[PDB]
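Text of the file model_3.pdb, holding PDB, C-alpha atoms:
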```pdb
ATOM      1  CA  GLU A  58       0.000   0.000   0.000  1.00  0.00           C
ATOM      2  CA  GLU A  59       2.255   2.545   1.549  1.00  0.00           C
ATOM      3  CA  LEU A  60       3.011  -0.259   3.829  1.00  0.00           C
ATOM      4  CA  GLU A  61       5.214  -1.027   0.839  1.00  0.00           C
ATOM      5  CA  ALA A  62       7.244   2.109   0.791  1.00  0.00           C
ATOM      6  CA  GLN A  63       7.799   1.500   4.440  1.00  0.00           C
ATOM      7  CA  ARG A  64       9.076  -1.994   4.094  1.00  0.00           C
ATOM      8  CA  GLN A  65      11.485  -0.767   1.487  1.00  0.00           C
ATOM      9  CA  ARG A  66      12.988   2.055   3.475  1.00  0.00           C
ATOM     10  CA  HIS A  67      13.099  -0.022   6.488  1.00  0.00           C
ATOM     11  CA  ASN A  68      15.061  -2.651   4.668  1.00  0.00           C
ATOM     12  CA  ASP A  69      17.474  -0.032   3.337  1.00  0.00           C
ATOM     13  CA  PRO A  70      20.984  -0.971   4.413  1.00  0.00           C
ATOM     14  CA  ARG A  71      21.811   2.682   4.637  1.00  0.00           C
ATOM     15  CA  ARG A  72      19.163   3.497   7.141  1.00  0.00           C
ATOM     16  CA  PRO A  73      20.465   5.019  10.377  1.00  0.00           C
ATOM     17  CA  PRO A  74      18.932   3.244  13.306  1.00  0.00           C
ATOM     18  CA  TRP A  75      16.518   5.618  15.080  1.00  0.00           C
ATOM     19  CA  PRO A  76      18.220   5.536  18.455  1.00  0.00           C
ATOM     20  CA  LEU A  77      21.591   6.567  17.146  1.00  0.00           C
ATOM     21  CA  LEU A  78      19.912   9.252  15.081  1.00  0.00           C
ATOM     22  CA  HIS A  79      18.104  10.511  18.092  1.00  0.00           C
ATOM     23  CA  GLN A  80      21.393  10.446  19.957  1.00  0.00           C
ATOM     24  CA  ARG A  81      23.073  12.436  17.202  1.00  0.00           C
ATOM     25  CA  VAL A  82      20.380  15.023  17.160  1.00  0.00           C
ATOM     26  CA  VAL A  83      20.498  15.431  20.883  1.00  0.00           C
ATOM     27  CA  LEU A  84      24.157  16.323  20.815  1.00  0.00           C
ATOM     28  CA  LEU A  85      23.367  19.361  18.793  1.00  0.00           C
ATOM     29  CA  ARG A  86      21.809  21.553  21.417  1.00  0.00           C
ATOM     30  CA  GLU A  87      24.888  21.241  23.523  1.00  0.00           C
ATOM     31  CA  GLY A  88      27.146  22.146  20.652  1.00  0.00           C
ATOM     32  CA  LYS A  89      28.786  18.761  20.637  1.00  0.00           C
ATOM     33  CA  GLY A  90      27.289  17.270  17.546  1.00  0.00           C
ATOM     34  CA  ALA A  91      27.626  17.521  13.851  1.00  0.00           C
ATOM     35  CA  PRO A  92      25.658  20.591  12.912  1.00  0.00           C
ATOM     36  CA  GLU A  93      26.981  20.407   9.406  1.00  0.00           C
ATOM     37  CA  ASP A  94      24.856  17.246   9.209  1.00  0.00           C
ATOM     38  CA  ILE A  95      21.534  18.703  10.385  1.00  0.00           C
ATOM     39  CA  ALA A  96      19.906  18.869   6.968  1.00  0.00           C
ATOM     40  CA  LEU A  97      20.957  15.285   6.269  1.00  0.00           C
ATOM     41  CA  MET A  98      19.877  14.136   9.709  1.00  0.00           C
ATOM     42  CA  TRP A  99      16.524  15.905   9.237  1.00  0.00           C
ATOM     43  CA  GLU A 100      16.212  14.381   5.770  1.00  0.00           C
ATOM     44  CA  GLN A 101      16.920  10.988   7.276  1.00  0.00           C
ATOM     45  CA  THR A 102      14.097  11.392   9.771  1.00  0.00           C
ATOM     46  CA  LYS A 103      11.471  12.579   7.265  1.00  0.00           C
ATOM     47  CA  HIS A 104      12.439   9.684   5.034  1.00  0.00           C
ATOM     48  CA  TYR A 105      12.964   6.799   7.457  1.00  0.00           C
ATOM     49  CA  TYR A 106      10.782   7.978  10.350  1.00  0.00           C
ATOM     50  CA  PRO A 107       8.006  10.300   9.033  1.00  0.00           C
ATOM     51  CA  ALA A 108       5.772   9.177  11.927  1.00  0.00           C
ATOM     52  CA  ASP A 109       8.190  10.080  14.735  1.00  0.00           C
ATOM     53  CA  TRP A 110       7.571  13.109  16.991  1.00  0.00           C
ATOM     54  CA  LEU A 111      10.546  12.804  19.351  1.00  0.00           C
ATOM     55  CA  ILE A 112      13.233  13.852  16.913  1.00  0.00           C
ATOM     56  CA  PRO A 113      11.089  16.713  15.523  1.00  0.00           C
ATOM     57  CA  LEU A 114      10.533  17.837  19.113  1.00  0.00           C
ATOM     58  CA  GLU A 115      14.317  17.876  19.654  1.00  0.00           C
ATOM     59  CA  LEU A 116      14.907  19.694  16.354  1.00  0.00           C
ATOM     60  CA  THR A 117      12.294  22.258  17.424  1.00  0.00           C
ATOM     61  CA  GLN A 118      14.469  23.024  20.467  1.00  0.00           C
ATOM     62  CA  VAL A 119      17.425  23.341  18.061  1.00  0.00           C
ATOM     63  CA  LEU A 120      15.441  25.828  15.932  1.00  0.00           C
ATOM     64  CA  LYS A 121      14.098  27.557  19.076  1.00  0.00           C
ATOM     65  CA  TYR A 122      17.323  28.100  20.996  1.00  0.00           C
ATOM     66  CA  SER A 123      20.008  28.293  18.315  1.00  0.00           C
ATOM     67  CA  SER A 124      20.964  31.722  17.000  1.00  0.00           C
ATOM     68  CA  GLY A 125      20.085  32.979  13.533  1.00  0.00           C
ATOM     69  CA  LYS A 126      23.726  32.992  12.427  1.00  0.00           C
ATOM     70  CA  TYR A 127      24.370  29.470  13.675  1.00  0.00           C
ATOM     71  CA  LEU A 128      21.296  28.147  11.854  1.00  0.00           C
ATOM     72  CA  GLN A 129      22.129  30.017   8.638  1.00  0.00           C
ATOM     73  CA  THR A 130      25.675  28.585   8.771  1.00  0.00           C
ATOM     74  CA  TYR A 131      24.562  24.995   8.765  1.00  0.00           C
ATOM     75  CA  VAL A 132      21.157  25.023   7.111  1.00  0.00           C
ATOM     76  CA  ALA A 133      20.539  26.276   3.606  1.00  0.00           C
ATOM     77  CA  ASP A 134      16.971  27.341   4.345  1.00  0.00           C
ATOM     78  CA  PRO A 135      16.078  27.309   7.971  1.00  0.00           C
ATOM     79  CA  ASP A 136      12.571  28.562   7.623  1.00  0.00           C
ATOM     80  CA  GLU A 137      11.890  25.812   5.212  1.00  0.00           C
ATOM     81  CA  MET A 138      13.149  23.242   7.664  1.00  0.00           C
ATOM     82  CA  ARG A 139      10.916  24.781  10.259  1.00  0.00           C
ATOM     83  CA  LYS A 140       7.974  24.264   8.017  1.00  0.00           C
ATOM     84  CA  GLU A 141       8.836  20.651   7.443  1.00  0.00           C
ATOM     85  CA  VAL A 142       9.340  19.848  11.117  1.00  0.00           C
ATOM     86  CA  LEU A 143       6.024  21.601  11.737  1.00  0.00           C
ATOM     87  CA  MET A 144       4.390  19.535   8.968  1.00  0.00           C
ATOM     88  CA  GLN A 145       5.667  16.221  10.374  1.00  0.00           C
ATOM     89  CA  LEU A 146       4.533  17.045  13.931  1.00  0.00           C
ATOM     90  CA  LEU A 147       1.138  18.001  12.518  1.00  0.00           C
ATOM     91  CA  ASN A 148       0.922  14.667  10.647  1.00  0.00           C
ATOM     92  CA  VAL A 149       1.575  12.820  13.908  1.00  0.00           C
ATOM     93  CA  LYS A 150      -0.886  14.907  15.910  1.00  0.00           C
ATOM     94  CA  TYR A 151      -3.718  14.321  13.436  1.00  0.00           C
ATOM     95  CA  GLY A 152      -2.881  10.707  12.773  1.00  0.00           C
ATOM     96  CA  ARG A 153      -1.963  11.237   9.168  1.00  0.00           C
ATOM     97  CA  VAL A 154       0.920   9.017   9.886  1.00  0.00           C
ATOM     98  CA  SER A 155       1.305   6.368  12.522  1.00  0.00           C
ATOM     99  CA  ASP A 156       3.579   4.232  14.587  1.00  0.00           C
ATOM    100  CA  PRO A 157       5.697   6.994  16.026  1.00  0.00           C
ATOM    101  CA  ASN A 158       9.103   6.030  17.237  1.00  0.00           C
ATOM    102  CA  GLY A 159       8.891   8.140  20.329  1.00  0.00           C
ATOM    103  CA  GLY A 160       6.019   6.007  21.396  1.00  0.00           C
ATOM    104  CA  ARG A 161       2.297   6.246  21.450  1.00  0.00           C
ATOM    105  CA  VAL A 162       0.539   9.513  21.145  1.00  0.00           C
ATOM    106  CA  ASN A 163      -1.347   9.062  24.248  1.00  0.00           C
ATOM    107  CA  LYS A 164      -2.759  12.340  25.213  1.00  0.00           C
ATOM    108  CA  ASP A 165       0.109  13.936  26.982  1.00  0.00           C
ATOM    109  CA  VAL A 166       2.209  13.376  23.952  1.00  0.00           C
ATOM    110  CA  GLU A 167      -0.288  15.097  21.778  1.00  0.00           C
ATOM    111  CA  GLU A 168      -0.096  18.049  24.045  1.00  0.00           C
ATOM    112  CA  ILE A 169       3.666  18.322  24.024  1.00  0.00           C
ATOM    113  CA  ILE A 170       3.395  18.227  20.256  1.00  0.00           C
ATOM    114  CA  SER A 171       0.878  20.982  20.304  1.00  0.00           C
ATOM    115  CA  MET A 172       3.272  23.031  22.321  1.00  0.00           C
ATOM    116  CA  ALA A 173       6.052  22.361  19.860  1.00  0.00           C
ATOM    117  CA  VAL A 174       3.642  23.139  17.027  1.00  0.00           C
ATOM    118  CA  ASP A 175       2.903  26.544  18.607  1.00  0.00           C
ATOM    119  CA  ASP A 176       6.613  27.148  19.007  1.00  0.00           C
ATOM    120  CA  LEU A 177       7.156  26.419  15.332  1.00  0.00           C
ATOM    121  CA  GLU A 178       4.181  28.453  14.241  1.00  0.00           C
ATOM    122  CA  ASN A 179       5.440  31.378  16.344  1.00  0.00           C
ATOM    123  CA  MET A 180       8.881  31.173  14.788  1.00  0.00           C
ATOM    124  CA  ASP A 181      10.304  33.036  11.798  1.00  0.00           C
ATOM    125  CA  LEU A 182      13.847  32.047  10.846  1.00  0.00           C
ATOM    126  CA  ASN A 183      14.229  34.125   7.705  1.00  0.00           C
ATOM    127  CA  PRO A 184      17.226  36.502   7.907  1.00  0.00           C
TER     128      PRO A 184
ATOM    129  CA  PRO B  70      -4.413  18.713  41.519  1.00  0.00           C
ATOM    130  CA  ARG B  71      -1.325  20.934  41.637  1.00  0.00           C
ATOM    131  CA  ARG B  72       0.126  18.523  39.087  1.00  0.00           C
ATOM    132  CA  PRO B  73       2.145  20.595  36.607  1.00  0.00           C
ATOM    133  CA  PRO B  74       1.064  19.807  33.044  1.00  0.00           C
ATOM    134  CA  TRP B  75       3.665  17.549  31.435  1.00  0.00           C
ATOM    135  CA  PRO B  76       4.365  19.815  28.472  1.00  0.00           C
ATOM    136  CA  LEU B  77       4.914  22.733  30.851  1.00  0.00           C
ATOM    137  CA  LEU B  78       7.060  20.625  33.175  1.00  0.00           C
ATOM    138  CA  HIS B  79       9.080  19.340  30.222  1.00  0.00           C
ATOM    139  CA  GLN B  80       9.375  22.883  28.887  1.00  0.00           C
ATOM    140  CA  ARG B  81      10.539  24.114  32.268  1.00  0.00           C
ATOM    141  CA  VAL B  82      13.283  21.487  32.315  1.00  0.00           C
ATOM    142  CA  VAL B  83      14.383  22.415  28.776  1.00  0.00           C
ATOM    143  CA  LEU B  84      14.404  26.089  29.640  1.00  0.00           C
ATOM    144  CA  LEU B  85      16.522  25.457  32.658  1.00  0.00           C
ATOM    145  CA  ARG B  86      19.058  23.586  30.632  1.00  0.00           C
ATOM    146  CA  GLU B  87      18.988  26.312  28.038  1.00  0.00           C
ATOM    147  CA  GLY B  88      19.863  28.807  30.740  1.00  0.00           C
ATOM    148  CA  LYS B  89      16.422  30.372  30.773  1.00  0.00           C
ATOM    149  CA  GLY B  90      14.132  30.462  33.816  1.00  0.00           C
ATOM    150  CA  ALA B  91      15.530  29.863  37.302  1.00  0.00           C
ATOM    151  CA  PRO B  92      18.283  27.297  37.936  1.00  0.00           C
ATOM    152  CA  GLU B  93      17.210  26.682  41.545  1.00  0.00           C
ATOM    153  CA  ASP B  94      13.876  25.249  40.298  1.00  0.00           C
ATOM    154  CA  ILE B  95      15.878  22.149  39.367  1.00  0.00           C
ATOM    155  CA  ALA B  96      15.117  20.266  42.607  1.00  0.00           C
ATOM    156  CA  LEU B  97      11.482  21.345  42.446  1.00  0.00           C
ATOM    157  CA  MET B  98      11.174  20.134  38.857  1.00  0.00           C
ATOM    158  CA  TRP B  99      12.758  16.725  39.527  1.00  0.00           C
ATOM    159  CA  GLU B 100      10.696  16.455  42.677  1.00  0.00           C
ATOM    160  CA  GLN B 101       7.575  16.979  40.693  1.00  0.00           C
ATOM    161  CA  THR B 102       8.418  14.506  37.959  1.00  0.00           C
ATOM    162  CA  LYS B 103       9.107  11.800  40.508  1.00  0.00           C
ATOM    163  CA  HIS B 104       5.869  12.513  42.286  1.00  0.00           C
ATOM    164  CA  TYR B 105       3.518  13.067  39.342  1.00  0.00           C
ATOM    165  CA  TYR B 106       5.301  11.265  36.511  1.00  0.00           C
ATOM    166  CA  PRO B 107       6.936   8.149  38.022  1.00  0.00           C
ATOM    167  CA  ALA B 108       6.771   6.478  34.587  1.00  0.00           C
ATOM    168  CA  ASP B 109       8.014   9.183  32.217  1.00  0.00           C
ATOM    169  CA  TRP B 110      11.375   8.810  30.498  1.00  0.00           C
ATOM    170  CA  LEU B 111      11.264  12.008  28.484  1.00  0.00           C
ATOM    171  CA  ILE B 112      12.005  14.292  31.404  1.00  0.00           C
ATOM    172  CA  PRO B 113      14.642  11.985  32.916  1.00  0.00           C
ATOM    173  CA  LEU B 114      16.472  12.026  29.540  1.00  0.00           C
ATOM    174  CA  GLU B 115      16.543  15.820  29.403  1.00  0.00           C
ATOM    175  CA  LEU B 116      17.717  15.895  33.006  1.00  0.00           C
ATOM    176  CA  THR B 117      20.535  13.493  32.205  1.00  0.00           C
ATOM    177  CA  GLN B 118      21.776  16.017  29.661  1.00  0.00           C
ATOM    178  CA  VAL B 119      21.726  18.739  32.308  1.00  0.00           C
ATOM    179  CA  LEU B 120      23.743  16.517  34.616  1.00  0.00           C
ATOM    180  CA  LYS B 121      25.964  15.306  31.798  1.00  0.00           C
ATOM    181  CA  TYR B 122      27.043  18.721  30.655  1.00  0.00           C
ATOM    182  CA  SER B 123      26.768  20.938  33.692  1.00  0.00           C
ATOM    183  CA  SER B 124      29.839  21.901  35.593  1.00  0.00           C
ATOM    184  CA  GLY B 125      30.595  20.710  39.075  1.00  0.00           C
ATOM    185  CA  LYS B 126      30.579  24.383  39.802  1.00  0.00           C
ATOM    186  CA  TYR B 127      27.048  24.919  38.534  1.00  0.00           C
ATOM    187  CA  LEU B 128      25.873  21.650  39.831  1.00  0.00           C
ATOM    188  CA  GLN B 129      26.848  22.246  43.444  1.00  0.00           C
ATOM    189  CA  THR B 130      25.463  25.741  43.536  1.00  0.00           C
ATOM    190  CA  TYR B 131      21.994  24.768  42.388  1.00  0.00           C
ATOM    191  CA  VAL B 132      21.609  21.159  43.399  1.00  0.00           C
ATOM    192  CA  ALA B 133      21.918  19.873  46.891  1.00  0.00           C
ATOM    193  CA  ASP B 134      23.478  16.464  46.502  1.00  0.00           C
ATOM    194  CA  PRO B 135      23.962  16.286  42.805  1.00  0.00           C
ATOM    195  CA  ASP B 136      24.975  12.675  42.864  1.00  0.00           C
ATOM    196  CA  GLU B 137      21.931  11.463  44.705  1.00  0.00           C
ATOM    197  CA  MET B 138      19.815  13.135  42.049  1.00  0.00           C
ATOM    198  CA  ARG B 139      21.693  11.192  39.399  1.00  0.00           C
ATOM    199  CA  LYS B 140      20.963   7.954  41.212  1.00  0.00           C
ATOM    200  CA  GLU B 141      17.307   8.844  41.368  1.00  0.00           C
ATOM    201  CA  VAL B 142      17.114   9.732  37.724  1.00  0.00           C
ATOM    202  CA  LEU B 143      18.949   6.566  36.905  1.00  0.00           C
ATOM    203  CA  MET B 144      16.494   4.700  38.965  1.00  0.00           C
ATOM    204  CA  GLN B 145      13.405   6.106  37.449  1.00  0.00           C
ATOM    205  CA  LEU B 146      14.873   5.248  34.078  1.00  0.00           C
ATOM    206  CA  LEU B 147      15.607   1.685  35.195  1.00  0.00           C
ATOM    207  CA  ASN B 148      12.074   1.341  36.574  1.00  0.00           C
ATOM    208  CA  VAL B 149      10.598   2.333  33.225  1.00  0.00           C
ATOM    209  CA  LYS B 150      12.799  -0.029  31.202  1.00  0.00           C
ATOM    210  CA  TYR B 151      12.227  -3.134  33.312  1.00  0.00           C
ATOM    211  CA  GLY B 152       8.499  -2.503  33.645  1.00  0.00           C
ATOM    212  CA  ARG B 153       8.496  -1.717  37.329  1.00  0.00           C
ATOM    213  CA  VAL B 154       6.227   1.255  36.617  1.00  0.00           C
ATOM    214  CA  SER B 155       3.305   2.137  34.298  1.00  0.00           C
ATOM    215  CA  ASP B 156       1.744   4.956  32.155  1.00  0.00           C
ATOM    216  CA  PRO B 157      -0.101   7.131  33.134  1.00  0.00           C
ATOM    217  CA  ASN B 158       2.173   9.799  31.780  1.00  0.00           C
ATOM    218  CA  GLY B 159       3.982  10.886  30.080  1.00  0.00           C
ATOM    219  CA  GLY B 160       5.449   8.854  27.289  1.00  0.00           C
ATOM    220  CA  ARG B 161       4.957   5.251  26.123  1.00  0.00           C
ATOM    221  CA  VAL B 162       7.656   2.617  25.609  1.00  0.00           C
ATOM    222  CA  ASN B 163       8.689   0.477  22.635  1.00  0.00           C
ATOM    223  CA  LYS B 164      12.004  -1.019  21.554  1.00  0.00           C
ATOM    224  CA  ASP B 165      13.205   2.297  20.137  1.00  0.00           C
ATOM    225  CA  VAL B 166      12.408   4.183  23.314  1.00  0.00           C
ATOM    226  CA  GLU B 167      13.913   1.299  25.212  1.00  0.00           C
ATOM    227  CA  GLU B 168      17.277   1.838  23.558  1.00  0.00           C
ATOM    228  CA  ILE B 169      17.514   5.621  23.946  1.00  0.00           C
ATOM    229  CA  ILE B 170      16.610   5.050  27.605  1.00  0.00           C
ATOM    230  CA  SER B 171      19.557   2.643  27.923  1.00  0.00           C
ATOM    231  CA  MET B 172      21.821   5.230  26.277  1.00  0.00           C
ATOM    232  CA  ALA B 173      20.778   7.618  29.025  1.00  0.00           C
ATOM    233  CA  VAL B 174      21.338   4.990  31.725  1.00  0.00           C
ATOM    234  CA  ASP B 175      24.770   4.591  30.146  1.00  0.00           C
ATOM    235  CA  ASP B 176      25.509   8.310  30.413  1.00  0.00           C
ATOM    236  CA  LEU B 177      24.218   8.233  34.010  1.00  0.00           C
ATOM    237  CA  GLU B 178      26.543   5.414  35.052  1.00  0.00           C
ATOM    238  CA  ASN B 179      29.646   6.965  33.462  1.00  0.00           C
ATOM    239  CA  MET B 180      29.131  10.125  35.474  1.00  0.00           C
TER     240      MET B 180
END
```
Starting from the coordinates I provided, produce the structure as structure tokens.
Amino acid sequence: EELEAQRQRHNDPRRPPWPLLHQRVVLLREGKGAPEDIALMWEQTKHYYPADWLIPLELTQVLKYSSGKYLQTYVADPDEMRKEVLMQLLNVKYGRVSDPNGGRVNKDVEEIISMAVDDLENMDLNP
Amino acid sequence: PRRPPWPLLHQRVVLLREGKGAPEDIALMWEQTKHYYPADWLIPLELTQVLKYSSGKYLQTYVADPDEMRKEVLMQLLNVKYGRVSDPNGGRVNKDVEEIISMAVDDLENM
């Protein structure tokens, strides 16, 4: 179905396991990661884990608390990334996508996502 | 209930690590997650980062007994992994969550 596309990407030998990816993304806010790899890491999560909210939540904190210059150094278009992270969180919140890696969108989770959604919505990362 | 909403509690913890809000609240925050969120891993993970990358300097100033806190965070984490506790709130557990939890337990033990 689309349960096909998922079996294919999941079988991809090149797929970063989610926990190491989450671990890599979490290093960023402390300035200990590979920020030059943000776009790629983001691209990996949209592609391999479009149903996950945890990594998008963490990226939201990266977009929230990083400085404009820092973001513009490492991301080609930051406001476009913002819009994509927003889009993925929205897909999870409204069940457009399912089986989130972070775990089940019980109701608390949907609230933390709403808070991140607000954050994103309230954000403008254009120069 | 005076149970702080999870998103707000989680946000408060993030803020505190990001140098916003009030450091001192640290004990209060952890206190509250223990009491009202015995089964959450999300907050414990963020807290581990605070511990992991805060300076002994900072740590002593704002946390009475830093190392006991560590043990308590490590122990909530371990409870969650081995099914000693149940949701509730905040976040559910699969094999993916199970592994990032272990990563945190790993950071906690090497501290």
>> I'd like the interatomic distance between atom CA of residue 156 of chain B and atom CA of residue 146 of chain A, to a tenth of an Å.
In response: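 Going from atom CA of residue 156 of chain B over to atom CA of residue 146 of chain A covers 22.0 Å.
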>> Using all atoms listed in the file, I'd like every residue of chain B that has an atom within 7 Å of chain A; please write them out as number ranges by chain.
In response: B: 75-76, 158-163, 165-166, 168-169
Taking the file above as input, evaluate the PyMOL selection byres ((chain B and resi 135-147) around 10) and report the hits as a PDB file with C-alpha atoms, in the frame of the given file.
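Output (result.pdb):
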```
ATOM      1  CA  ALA B  96      15.117  20.266  42.607  1.00  0.00           C
ATOM      2  CA  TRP B  99      12.758  16.725  39.527  1.00  0.00           C
ATOM      3  CA  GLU B 100      10.696  16.455  42.677  1.00  0.00           C
ATOM      4  CA  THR B 102       8.418  14.506  37.959  1.00  0.00           C
ATOM      5  CA  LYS B 103       9.107  11.800  40.508  1.00  0.00           C
ATOM      6  CA  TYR B 106       5.301  11.265  36.511  1.00  0.00           C
ATOM      7  CA  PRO B 107       6.936   8.149  38.022  1.00  0.00           C
ATOM      8  CA  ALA B 108       6.771   6.478  34.587  1.00  0.00           C
ATOM      9  CA  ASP B 109       8.014   9.183  32.217  1.00  0.00           C
ATOM     10  CA  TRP B 110      11.375   8.810  30.498  1.00  0.00           C
ATOM     11  CA  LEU B 111      11.264  12.008  28.484  1.00  0.00           C
ATOM     12  CA  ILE B 112      12.005  14.292  31.404  1.00  0.00           C
ATOM     13  CA  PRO B 113      14.642  11.985  32.916  1.00  0.00           C
ATOM     14  CA  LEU B 114      16.472  12.026  29.540  1.00  0.00           C
ATOM     15  CA  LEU B 116      17.717  15.895  33.006  1.00  0.00           C
ATOM     16  CA  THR B 117      20.535  13.493  32.205  1.00  0.00           C
ATOM     17  CA  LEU B 120      23.743  16.517  34.616  1.00  0.00           C
ATOM     18  CA  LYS B 121      25.964  15.306  31.798  1.00  0.00           C
ATOM     19  CA  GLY B 125      30.595  20.710  39.075  1.00  0.00           C
ATOM     20  CA  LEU B 128      25.873  21.650  39.831  1.00  0.00           C
ATOM     21  CA  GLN B 129      26.848  22.246  43.444  1.00  0.00           C
ATOM     22  CA  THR B 130      25.463  25.741  43.536  1.00  0.00           C
ATOM     23  CA  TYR B 131      21.994  24.768  42.388  1.00  0.00           C
ATOM     24  CA  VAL B 132      21.609  21.159  43.399  1.00  0.00           C
ATOM     25  CA  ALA B 133      21.918  19.873  46.891  1.00  0.00           C
ATOM     26  CA  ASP B 134      23.478  16.464  46.502  1.00  0.00           C
ATOM     27  CA  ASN B 148      12.074   1.341  36.574  1.00  0.00           C
ATOM     28  CA  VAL B 149      10.598   2.333  33.225  1.00  0.00           C
ATOM     29  CA  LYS B 150      12.799  -0.029  31.202  1.00  0.00           C
ATOM     30  CA  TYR B 151      12.227  -3.134  33.312  1.00  0.00           C
ATOM     31  CA  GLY B 152       8.499  -2.503  33.645  1.00  0.00           C
ATOM     32  CA  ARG B 153       8.496  -1.717  37.329  1.00  0.00           C
ATOM     33  CA  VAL B 154       6.227   1.255  36.617  1.00  0.00           C
ATOM     34  CA  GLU B 167      13.913   1.299  25.212  1.00  0.00           C
ATOM     35  CA  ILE B 170      16.610   5.050  27.605  1.00  0.00           C
ATOM     36  CA  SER B 171      19.557   2.643  27.923  1.00  0.00           C
ATOM     37  CA  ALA B 173      20.778   7.618  29.025  1.00  0.00           C
ATOM     38  CA  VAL B 174      21.338   4.990  31.725  1.00  0.00           C
ATOM     39  CA  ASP B 175      24.770   4.591  30.146  1.00  0.00           C
ATOM     40  CA  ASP B 176      25.509   8.310  30.413  1.00  0.00           C
ATOM     41  CA  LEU B 177      24.218   8.233  34.010  1.00  0.00           C
ATOM     42  CA  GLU B 178      26.543   5.414  35.052  1.00  0.00           C
ATOM     43  CA  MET B 180      29.131  10.125  35.474  1.00  0.00           C
TER      44      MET B 180
END
```
>> Give me, as an MDAnalysis selection string, all polymer residues having an atom no more than 10 Å from residue 177 of chain A, counting only C-alpha atoms and skipping those fewer than 6 positions away in the same chain.
In response: chainID A and resid 114 117:118 120:121 136 139:144 146 171
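Across the structure, atom CA of residue 86 of chain B and atom CA of residue 115 of chain B are spaced 8.3 Å apart.
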> Written as a PyMOL selection string, which residues does the PyMOL selection byres ((chain A and resi 64-72) around 12) give for the file shown?
Replying inline: chain A and resi 58-63+73-78+97-98+100-107
>> If the PyMOL selection byres ((chain A and resi 134) around 12) were run on this exact file, what residues would it hold? Put them as a list in words.
In response: residues 95, 96, 120, 125, 126, 128, 129, 130, 131, 132, 133, 135, 136, 137, 138, 139, 140, 141, 181, 182, 183 and 184 of chain A
>> Here's a test: counting only C-alpha atoms, identify every protein, DNA and RNA residue with an atom at most 12 Å from (10.0, 26.8, 35.0) in the file's coordinate frame, and state them as a list in words.
In response: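 Checked against the point, the hits come out as residues 73, 74, 75, 76, 77, 78, 79, 80, 81, 82, 83, 84, 85, 86, 87, 88, 89, 90, 91, 92, 93, 94, 95, 96, 97, 98, 99 and 101 of chain B.
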Please complete segment 78-88 of chain B so it has N, CA, C and O atoms, and hand it over as a PDB file, keeping the file's coordinate frame.
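File out.pdb, as written:
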```pdb
ATOM      1  N   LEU B  78       5.976  21.168  32.364  1.00  0.00           N
ATOM      2  CA  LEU B  78       7.060  20.625  33.175  1.00  0.00           C
ATOM      3  C   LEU B  78       8.270  20.311  32.301  1.00  0.00           C
ATOM      4  O   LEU B  78       9.402  20.645  32.649  1.00  0.00           O
ATOM      5  N   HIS B  79       8.018  19.669  31.165  1.00  0.00           N
ATOM      6  CA  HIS B  79       9.080  19.340  30.222  1.00  0.00           C
ATOM      7  C   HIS B  79       9.724  20.615  29.687  1.00  0.00           C
ATOM      8  O   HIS B  79      10.946  20.702  29.567  1.00  0.00           O
ATOM      9  N   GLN B  80       8.892  21.602  29.372  1.00  0.00           N
ATOM     10  CA  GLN B  80       9.375  22.883  28.887  1.00  0.00           C
ATOM     11  C   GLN B  80      10.222  23.566  29.938  1.00  0.00           C
ATOM     12  O   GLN B  80      11.241  24.179  29.622  1.00  0.00           O
ATOM     13  N   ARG B  81       9.796  23.471  31.193  1.00  0.00           N
ATOM     14  CA  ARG B  81      10.539  24.114  32.268  1.00  0.00           C
ATOM     15  C   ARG B  81      11.930  23.503  32.371  1.00  0.00           C
ATOM     16  O   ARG B  81      12.927  24.222  32.501  1.00  0.00           O
ATOM     17  N   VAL B  82      11.996  22.178  32.284  1.00  0.00           N
ATOM     18  CA  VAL B  82      13.283  21.487  32.315  1.00  0.00           C
ATOM     19  C   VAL B  82      14.178  21.903  31.139  1.00  0.00           C
ATOM     20  O   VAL B  82      15.380  22.148  31.311  1.00  0.00           O
ATOM     21  N   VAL B  83      13.623  21.990  29.942  1.00  0.00           N
ATOM     22  CA  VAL B  83      14.383  22.415  28.776  1.00  0.00           C
ATOM     23  C   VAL B  83      14.928  23.819  28.939  1.00  0.00           C
ATOM     24  O   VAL B  83      16.068  24.077  28.692  1.00  0.00           O
ATOM     25  N   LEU B  84      14.071  24.716  29.375  1.00  0.00           N
ATOM     26  CA  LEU B  84      14.404  26.089  29.640  1.00  0.00           C
ATOM     27  C   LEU B  84      15.548  26.199  30.598  1.00  0.00           C
ATOM     28  O   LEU B  84      16.418  27.028  30.452  1.00  0.00           O
ATOM     29  N   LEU B  85      15.527  25.370  31.619  1.00  0.00           N
ATOM     30  CA  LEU B  85      16.522  25.457  32.658  1.00  0.00           C
ATOM     31  C   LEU B  85      17.858  24.991  32.150  1.00  0.00           C
ATOM     32  O   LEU B  85      18.884  25.502  32.533  1.00  0.00           O
ATOM     33  N   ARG B  86      17.836  24.025  31.258  1.00  0.00           N
ATOM     34  CA  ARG B  86      19.058  23.586  30.632  1.00  0.00           C
ATOM     35  C   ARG B  86      19.547  24.614  29.623  1.00  0.00           C
ATOM     36  O   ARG B  86      20.719  24.776  29.411  1.00  0.00           O
ATOM     37  N   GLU B  87      18.625  25.326  29.014  1.00  0.00           N
ATOM     38  CA  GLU B  87      18.988  26.312  28.038  1.00  0.00           C
ATOM     39  C   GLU B  87      19.308  27.625  28.688  1.00  0.00           C
ATOM     40  O   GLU B  87      19.468  28.610  28.002  1.00  0.00           O
ATOM     41  N   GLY B  88      19.411  27.637  30.005  1.00  0.00           N
ATOM     42  CA  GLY B  88      19.863  28.807  30.740  1.00  0.00           C
ATOM     43  C   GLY B  88      18.793  29.867  30.898  1.00  0.00           C
ATOM     44  O   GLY B  88      19.064  30.991  31.322  1.00  0.00           O
TER      45      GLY B  88
END
```
